[PDB]
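Below, in structure tokens: the form deposited in one PDB entry, a single chain.
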């Protein structure tokens, strides 16, 4: 595949819609047991923070060169303000709906001796009032973007996916979906869906061989008005499923330092590439390289233009 000009990518606008969350980590050391309970006492020494969820996908799109918008719901609190800060410095254009009764989604980790002890989640269901308000935003935001990326983490911000998809398709805009859950009936209409071997395992069912691979997946592309599926197989690489054939893209880089964030990087690349007017086949390759590279770096890591 031929490289893509820096001016082309700079024109690429991606509308990322889904669930944003703040990844927070508490590194401390335990030396004693609580006087009131048979539980350890973590004396926190350090906190690390990073954008997670749909925010991470939008972050990857920017570094590659393209522009990125982020439609999502955030609470009226400190974590909400932190996401706003992190977004502004990451170059992502925020389009946030505020729900004071909603806690900003947080996945907090508590660690000691380089291992986890407990995970703490702050999250709730966004009100119908807020969901429709954001849907109104989507109508205004849709014509301003080249391609739409649905980032689902099942936190509630993607209740109206079916309608959002149908709108973007009606405008000739492609719809990409990073899924979550065993039920994908909500995702009908999508241009492309991007599951793992495991994400697809517990929905299409357990299977046999690579010829039977097409046998089930092509049926799934029929069950739901879904044009293509990109199956990320780690070791084996990944395979696109068009209606006019297939494509394989195995491993590329040679570092398995950290897997986290690889999936988010993949779908973010395809979106940004498509927005710049790049063929789907070529876009899949660029997502594979981006994937391969970020594995040689810690969690939320990003491939920029020069690395491609």
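Numbering follows the first chain given and starts at 1. Rigid core: the largest C-alpha set superposing within 1.5 Å between the two forms.
Just so it is clear, the following notes concern the form deposited in another entry, a form of the same protein that is not shown.
After superposing the rigid core, the C-alpha of residue 49 moves by less than 2 Å between the shown form and the other one. Put the two forms on the same core and the Cα of residue 235 is off by 2 Å or more between the shown form and the other one.
Relative to the superposed rigid core, residue 294 undergoes a CA displacement of at least 2 Å between the shown form and the other one.
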